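Data first, discussion second: the structure below is written as structure tokens.
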Amino acid sequence: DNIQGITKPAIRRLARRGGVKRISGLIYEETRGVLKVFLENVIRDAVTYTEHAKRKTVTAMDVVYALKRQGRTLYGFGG
Amino acid sequence: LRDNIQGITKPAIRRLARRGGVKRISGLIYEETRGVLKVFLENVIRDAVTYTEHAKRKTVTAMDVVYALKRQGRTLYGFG
Amino acid sequence: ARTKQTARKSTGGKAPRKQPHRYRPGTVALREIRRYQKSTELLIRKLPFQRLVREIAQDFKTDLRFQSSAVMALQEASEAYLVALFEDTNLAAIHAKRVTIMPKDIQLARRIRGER
Amino acid sequence: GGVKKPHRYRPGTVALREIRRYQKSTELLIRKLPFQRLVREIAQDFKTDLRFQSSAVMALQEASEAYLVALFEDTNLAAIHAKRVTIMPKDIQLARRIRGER
Amino acid sequence: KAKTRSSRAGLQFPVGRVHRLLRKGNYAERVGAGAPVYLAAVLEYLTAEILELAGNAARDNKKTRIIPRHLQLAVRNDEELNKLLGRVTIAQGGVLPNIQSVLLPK
Amino acid sequence: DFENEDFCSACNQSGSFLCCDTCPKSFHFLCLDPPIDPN
Amino acid sequence: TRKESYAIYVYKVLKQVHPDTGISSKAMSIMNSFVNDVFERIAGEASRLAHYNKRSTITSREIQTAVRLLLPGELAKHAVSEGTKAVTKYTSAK
Amino acid sequence: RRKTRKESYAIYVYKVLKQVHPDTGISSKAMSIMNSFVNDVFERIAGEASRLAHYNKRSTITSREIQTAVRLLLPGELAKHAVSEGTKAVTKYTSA
Ligand SMILES: [Zn+2]
Ligand SMILES: [Zn+2]
């Protein structure tokens, strides 16, 4: 249900930034699952890294570190 | 030599596409593809002549080719 | 004779117990294409996003606090991923003589992207 | 009276038959010598008189046929995307406009 | 009498070699004793699952020896080995046989 | 098949229903004519 | 002249799995390049992990955090399990 | 317990923002972007140098093998417009 927190108008805003002019209605709920599985990949690696530092808290450094692994580097948050 | 791209004959570009599971190859694809083969083979071969010169070798080696493919991401197993 | 139960209540009365100008469709849409393209702020309300991360990280490790910059890193990364995926979808649609992204248009994009 | 008519498989039967034929072959498709030359003129532009092994060519091919059979494959899905069985130059293009080489 | 480190670890891949390599690879300044043992342990596993799956593939095509093709099937049929060896293009593999449903005759 | 409703077709209220076999409507045991005993 | 490769080792583990099956030489080279590549990826990630955690040594731990960060899904669990029992037998046999 | 020194090229990025634009300025967020940029591209080019060396069975990162990798990574004009500045810079160093 925290997933349903990613609301429609928010997915519409992402589509607008993405240049989409008419969003199907069945897209909204497809974008959730795709979103989840992706976050569920970064955050997984974010935590492997976390439990390697024996740290219990995660860091933004570990987040961009997990992105570097996945492939999609993120500049602006360290490293 | 020159313009040997035509060597990748249509009969073959097809056979590849046939390999890829297509059934109807529109014309105007045989030209597009050869263009794609010549951007790929470019980069790979370029990154291979750079590797070739670095080793001050002349004989472009298959070893270099593999390392080149890796850089671009398309790793190839079977040669080293 | 097939029967089913829907009240789901062995007894009734459970509560009484001790226990005007209007634009054409699309003009406003293109206007706020321009608005959300010239802009750089973050489009998925934060709190909701942070929560998405708490309930989903919970699985990999309990009691995992997240540096604030981190959930901001997850947001940025997620919005970048989805805006890239949505540019591709619009293309996967404008391909099929159409102007409406549809689920299928994104199950495909991701296949060509190879993210599947 | 009864005039003959040759036995011709309908458009598509010969197609799918050689599809099943070629998806079981591992042999390279583009012919070797024709390909080898493709390079000597695609390399002469990067360094002169670069000799090439008879294995670099075979590798630079296996890597090419592999790249092309992948792209054709996403081209097809892209052709089916518009509910059509003919692939088009736009398809090889949409496909490549999404892998990020374009 | 000198025994090998693999028989100490119970493995077939070489643990010694994978130490040298780890050292000369300069992956890091110092390498411990158990790191090449674990790596040889994981490499033999991955070499085994892939060899098993190749063995399941071959007998099917009734061929005694494994040939490069049997190794593509094994890799593309499996959904794990395919994420691993997913940007890898094996030699003489062909492709997994597959044709789309809309391309089938009615 | 089809799942019968979850609201009685006679009184539009929830409860234990007798489900029509060749029809997607559901009726209360007391809502029919004549009313059907639940045993 | 001496060429180091994993020929006899992969052959052994093949007979351990199938003591009746042959192998092609080209297919062998597929196996040798494949184990070399996965070795490079597991060792590199490890090197990185270490350099992030300001450590300096490649402990069996890193190779794990790594195998679980690279090998995907289940392939990992079974890798870890076998690596942990392998290092357990290494320390038991000293 | 003063915080330990965090490595950054920020001070440097500014000298270079002050030549290309003697009167512009940066914001923390863009500077940190630039630091992540230089660290990332440096790691890319330095990792390539490494392999180039290992491949050739030699063990020393020199100027040749980096002119080579910067070429293999930085694409197109960027490469040439770098290698030239790089050789100048090396010769001016070795000059004195
Ligand atoms: Zn009825
Ligand atoms: Zn009723």
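Chain identifiers are assigned as A, B, and so on, following the order in which chains appear in the structure tokens; residues are numbered from 1 within each chain, and ligands are numbered from 1 in order of appearance.
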Per DSSP on the backbone, what are the alpha helix (DSSP H) residues of chain H, as an NGL selection string?
:H and (10-17 or 28-55 or 64-73 or 77-95)
Could those selected residues go to a file with C-alpha atoms, as a PDB file, in the first residue's frame?
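So the final result, stored in selection11.pdb, reads:
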ATOM      1  CA  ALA H  10      36.517  21.654  -5.484  1.00  0.00           C
ATOM      2  CA  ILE H  11      39.204  24.220  -4.922  1.00  0.00           C
ATOM      3  CA  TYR H  12      40.582  23.308  -8.268  1.00  0.00           C
ATOM      4  CA  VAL H  13      37.316  23.265 -10.181  1.00  0.00           C
ATOM      5  CA  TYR H  14      37.021  26.897  -9.231  1.00  0.00           C
ATOM      6  CA  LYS H  15      40.317  28.027 -10.567  1.00  0.00           C
ATOM      7  CA  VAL H  16      39.062  26.502 -13.832  1.00  0.00           C
ATOM      8  CA  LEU H  17      35.678  28.196 -13.457  1.00  0.00           C
ATOM      9  CA  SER H  28      27.523  23.646  -3.785  1.00  0.00           C
ATOM     10  CA  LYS H  29      25.361  21.223  -5.617  1.00  0.00           C
ATOM     11  CA  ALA H  30      26.955  21.858  -9.026  1.00  0.00           C
ATOM     12  CA  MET H  31      30.424  21.772  -7.520  1.00  0.00           C
ATOM     13  CA  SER H  32      29.767  18.442  -5.949  1.00  0.00           C
ATOM     14  CA  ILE H  33      28.455  17.321  -9.354  1.00  0.00           C
ATOM     15  CA  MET H  34      31.804  18.388 -10.797  1.00  0.00           C
ATOM     16  CA  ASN H  35      33.765  16.543  -8.100  1.00  0.00           C
ATOM     17  CA  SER H  36      31.770  13.371  -8.769  1.00  0.00           C
ATOM     18  CA  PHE H  37      32.469  13.971 -12.469  1.00  0.00           C
ATOM     19  CA  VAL H  38      36.236  14.250 -12.102  1.00  0.00           C
ATOM     20  CA  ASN H  39      36.385  11.285  -9.714  1.00  0.00           C
ATOM     21  CA  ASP H  40      34.290   9.148 -12.081  1.00  0.00           C
ATOM     22  CA  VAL H  41      36.142  10.011 -15.278  1.00  0.00           C
ATOM     23  CA  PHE H  42      39.487   9.695 -13.478  1.00  0.00           C
ATOM     24  CA  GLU H  43      38.502   6.244 -12.224  1.00  0.00           C
ATOM     25  CA  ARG H  44      37.404   5.278 -15.747  1.00  0.00           C
ATOM     26  CA  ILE H  45      40.610   6.443 -17.423  1.00  0.00           C
ATOM     27  CA  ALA H  46      42.835   5.094 -14.637  1.00  0.00           C
ATOM     28  CA  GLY H  47      41.141   1.703 -14.741  1.00  0.00           C
ATOM     29  CA  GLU H  48      41.618   1.531 -18.442  1.00  0.00           C
ATOM     30  CA  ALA H  49      45.226   2.438 -18.084  1.00  0.00           C
ATOM     31  CA  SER H  50      45.592  -0.445 -15.713  1.00  0.00           C
ATOM     32  CA  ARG H  51      44.382  -3.134 -18.031  1.00  0.00           C
ATOM     33  CA  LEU H  52      46.168  -1.745 -20.999  1.00  0.00           C
ATOM     34  CA  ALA H  53      49.261  -2.387 -19.008  1.00  0.00           C
ATOM     35  CA  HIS H  54      48.333  -5.765 -17.733  1.00  0.00           C
ATOM     36  CA  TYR H  55      47.311  -6.926 -21.181  1.00  0.00           C
ATOM     37  CA  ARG H  64      51.888   6.330 -23.611  1.00  0.00           C
ATOM     38  CA  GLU H  65      49.370   3.917 -22.199  1.00  0.00           C
ATOM     39  CA  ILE H  66      47.243   6.719 -20.952  1.00  0.00           C
ATOM     40  CA  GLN H  67      47.240   8.669 -24.166  1.00  0.00           C
ATOM     41  CA  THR H  68      45.925   5.331 -25.421  1.00  0.00           C
ATOM     42  CA  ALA H  69      43.138   4.831 -22.891  1.00  0.00           C
ATOM     43  CA  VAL H  70      41.916   8.397 -22.782  1.00  0.00           C
ATOM     44  CA  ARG H  71      41.525   7.852 -26.501  1.00  0.00           C
ATOM     45  CA  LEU H  72      39.744   4.585 -25.922  1.00  0.00           C
ATOM     46  CA  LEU H  73      37.270   6.249 -23.585  1.00  0.00           C
ATOM     47  CA  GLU H  77      36.960  15.342 -30.664  1.00  0.00           C
ATOM     48  CA  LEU H  78      37.142  15.278 -26.931  1.00  0.00           C
ATOM     49  CA  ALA H  79      39.906  12.742 -27.263  1.00  0.00           C
ATOM     50  CA  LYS H  80      42.021  14.628 -29.702  1.00  0.00           C
ATOM     51  CA  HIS H  81      41.443  17.892 -27.927  1.00  0.00           C
ATOM     52  CA  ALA H  82      42.777  16.185 -24.866  1.00  0.00           C
ATOM     53  CA  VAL H  83      45.679  14.154 -26.031  1.00  0.00           C
ATOM     54  CA  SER H  84      47.147  17.330 -27.555  1.00  0.00           C
ATOM     55  CA  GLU H  85      46.848  19.303 -24.308  1.00  0.00           C
ATOM     56  CA  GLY H  86      48.130  16.335 -22.415  1.00  0.00           C
ATOM     57  CA  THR H  87      51.302  15.969 -24.468  1.00  0.00           C
ATOM     58  CA  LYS H  88      51.902  19.680 -24.205  1.00  0.00           C
ATOM     59  CA  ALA H  89      51.479  19.558 -20.510  1.00  0.00           C
ATOM     60  CA  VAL H  90      53.825  16.570 -20.221  1.00  0.00           C
ATOM     61  CA  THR H  91      56.498  18.277 -22.339  1.00  0.00           C
ATOM     62  CA  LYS H  92      56.174  21.468 -20.353  1.00  0.00           C
ATOM     63  CA  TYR H  93      56.600  19.415 -17.226  1.00  0.00           C
ATOM     64  CA  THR H  94      59.626  17.584 -18.510  1.00  0.00           C
ATOM     65  CA  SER H  95      60.901  20.868 -19.878  1.00  0.00           C
TER      66      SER H  95
END
Per-residue nearest contacts of chain A to chain H (7 Å; only C-alpha atoms) as a Markdown table:
| residue | atom | partner | partner_atom | distance |
| --- | --- | --- | --- | --- |
| A:75 | CA | H:33 | CA | 5.3 |
| A:76 | CA | H:33 | CA | 4.3 |
| A:78 | CA | H:36 | CA | 6.3 |
| A:79 | CA | H:36 | CA | 5.5 |
Output for the residues just chosen: N, CA, C and O atoms as a compact mmCIF listing (two decimals), in the first residue's frame:
# COMPACT_ATOMS: atom_id res chain seq x y z
N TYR A 75 25.53 11.42 -10.30
CA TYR A 75 26.41 12.47 -9.84
C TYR A 75 25.62 13.46 -9.03
O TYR A 75 24.50 13.78 -9.38
N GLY A 76 26.21 13.96 -7.96
CA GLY A 76 25.54 14.97 -7.15
C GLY A 76 25.27 14.58 -5.73
O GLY A 76 24.66 15.34 -4.98
N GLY A 78 27.83 12.55 -3.91
CA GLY A 78 29.04 12.01 -3.29
C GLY A 78 29.79 11.02 -4.14
O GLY A 78 29.26 10.57 -5.15
N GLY A 79 31.02 10.66 -3.77
CA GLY A 79 31.76 9.77 -4.64
C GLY A 79 32.15 10.41 -5.96
O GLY A 79 33.30 10.80 -6.15
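Atom CA of residue B:35 to atom CA of residue B:5 spans 8.7 Å [interatomic distance, one decimal].
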I'd like the neighbourhood of residue A:32 as number ranges by chain, where a residue qualifies if any of its atoms comes within 9 Å (using only C-alpha atoms), though same-chain residues fewer than 3 positions away should be ignored.
A: 3-4, 6, 11, 27-29, 35-37
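Excluding residue E:8 itself and any same-chain residue fewer than 3 positions from it, the protein and nucleic acid residues within 9 Å of it, counting only C-alpha atoms, are residues 3, 4, 5 and 11 of chain E; 89, 90, 91, 92, 93 and 94 of chain G.
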Hey, can you spit out that residue selection with C-alpha atoms as a PDB file, in the first residue's frame?
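Result saved to out.pdb:
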ATOM      1  CA  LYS E   3      49.868 -31.734   0.015  1.00  0.00           C
ATOM      2  CA  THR E   4      47.984 -29.207  -2.065  1.00  0.00           C
ATOM      3  CA  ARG E   5      45.646 -26.553  -0.703  1.00  0.00           C
ATOM      4  CA  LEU E  11      38.024 -28.787  -4.398  1.00  0.00           C
TER       5      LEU E  11
ATOM      6  CA  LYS G  89      36.896 -27.465   5.340  1.00  0.00           C
ATOM      7  CA  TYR G  90      40.007 -25.392   4.644  1.00  0.00           C
ATOM      8  CA  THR G  91      40.150 -24.161   8.249  1.00  0.00           C
ATOM      9  CA  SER G  92      39.212 -27.599   9.607  1.00  0.00           C
ATOM     10  CA  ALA G  93      42.073 -29.184   7.664  1.00  0.00           C
ATOM     11  CA  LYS G  94      44.198 -26.083   8.492  1.00  0.00           C
TER      12      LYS G  94
END
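Near chain G, within 9 Å and counting only C-alpha atoms, the residues of chain A are residues 44, 45, 48, 49, 51, 52, 53 and 69 of chain A.
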Which residue is closest to ligand 2? Choose from F:16, F:4, F:31, F:37 and count only C-alpha atoms and all ligand atoms.
F:31
Sort by chain and increasing residue number a table of all residues of chain B within 7 Å of chain G, each with its closest pair of atoms and their distance in Å to one decimal, counting only C-alpha atoms, and write it as CSV.
residue,atom,partner,partner_atom,distance
B:77,CA,G:30,CA,5.2
B:78,CA,G:30,CA,4.5
B:79,CA,G:29,CA,6.7
B:80,CA,G:33,CA,5.6
Enumerate residues in contact with ligand 2: an atom-to-atom distance of at most 6 Å, counting only C-alpha atoms and all ligand atoms. Format the result as JSON, numbers by chain.
{"F": [8, 10, 11, 13, 27, 28, 31]}
Atoms to include: C-alpha atoms. Write the selected residues as a PDB file, in the first residue's frame.
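Full text of out30.pdb as output:
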ATOM      1  CA  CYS F   8     -28.351  -9.947  -2.779  1.00  0.00           C
ATOM      2  CA  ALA F  10     -33.483  -8.727  -4.171  1.00  0.00           C
ATOM      3  CA  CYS F  11     -32.628  -6.397  -1.272  1.00  0.00           C
ATOM      4  CA  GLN F  13     -27.606  -6.163   0.965  1.00  0.00           C
ATOM      5  CA  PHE F  27     -30.305 -14.136  -3.575  1.00  0.00           C
ATOM      6  CA  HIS F  28     -30.805 -14.273   0.172  1.00  0.00           C
ATOM      7  CA  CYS F  31     -35.597 -13.175  -0.203  1.00  0.00           C
TER       8      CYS F  31
END
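The residues sitting within 6 Å of ligand 1, with only C-alpha atoms and all ligand atoms considered, come out as residues 20, 22, 23 and 25 of chain F.
Atom pair atom CA of residue G:23 / atom CA of residue E:65 has a distance of 4.8 Å (rounded to one decimal).
Here atom CA of residue E:92 stands at a distance of 18.6 Å from atom CA of residue B:14.
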Of G:16, G:81, G:24, G:1, the one sitting nearest residue E:12 when using only C-alpha atoms is G:16
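Residues with any atom within 10 Å of residue E:99, counting only C-alpha atoms and excluding same-chain neighbours fewer than 6 positions away, are residues 20, 21, 22 and 23 of chain B; 16, 19, 20 and 23 of chain D.
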For residue D:29, list every protein, DNA or RNA residue within 12 Å, evaluated using only C-alpha atoms, and leave out those in the same chain fewer than 2 positions away; present the list as an NGL selection string.
(:B and (7-20)) or (:D and (22-23 or 25-27 or 31-35 or 58 or 61-62 or 64-66 or 68-69)) or (:E and (92 or 94))
Could you name the residues that touch residue F:24 at 9 Å or less, counting only C-alpha atoms, but leaving out those on the same chain fewer than 6 positions away, as an MDAnalysis selection string?
chainID F and resid 1:5
Would you kindly report the residues of chain E within 8 Å of chain D, using only C-alpha atoms, as a ChimeraX atom specification?
/E:69,89,91-98,102-103
Output the selection as an mmCIF file, in the first residue's frame - C-alpha atoms for each residue.
data_model
loop_
_atom_site.group_PDB
_atom_site.id
_atom_site.type_symbol
_atom_site.label_atom_id
_atom_site.label_comp_id
_atom_site.auth_asym_id
_atom_site.auth_seq_id
_atom_site.Cartn_x
_atom_site.Cartn_y
_atom_site.Cartn_z
ATOM 1 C CA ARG E 69 26.394 -25.112 -28.854
ATOM 2 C CA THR E 89 28.152 -13.915 -26.625
ATOM 3 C CA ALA E 91 31.151 -18.812 -29.728
ATOM 4 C CA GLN E 92 29.114 -20.981 -32.142
ATOM 5 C CA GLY E 93 26.000 -20.826 -29.988
ATOM 6 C CA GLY E 94 23.233 -19.980 -32.317
ATOM 7 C CA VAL E 95 20.222 -18.662 -30.553
ATOM 8 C CA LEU E 96 17.535 -20.267 -28.534
ATOM 9 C CA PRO E 97 15.035 -21.529 -31.058
ATOM 10 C CA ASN E 98 11.994 -19.250 -30.884
ATOM 11 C CA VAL E 102 1.670 -13.894 -34.461
ATOM 12 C CA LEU E 103 4.111 -15.332 -37.010
#
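Take the candidates C:40, C:107, C:62, C:5 and check each one against chain D using only C-alpha atoms; the shortest distance goes to C:107.
Nearest residue to chain A among C:69, C:19, C:75, C:11 is C:69, counting only C-alpha atoms.
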Residues of chain B within 12 Å of chain H, only C-alpha atoms counted, as a PyMOL selection string
chain B and resi 43-57+63-64+66-72+80
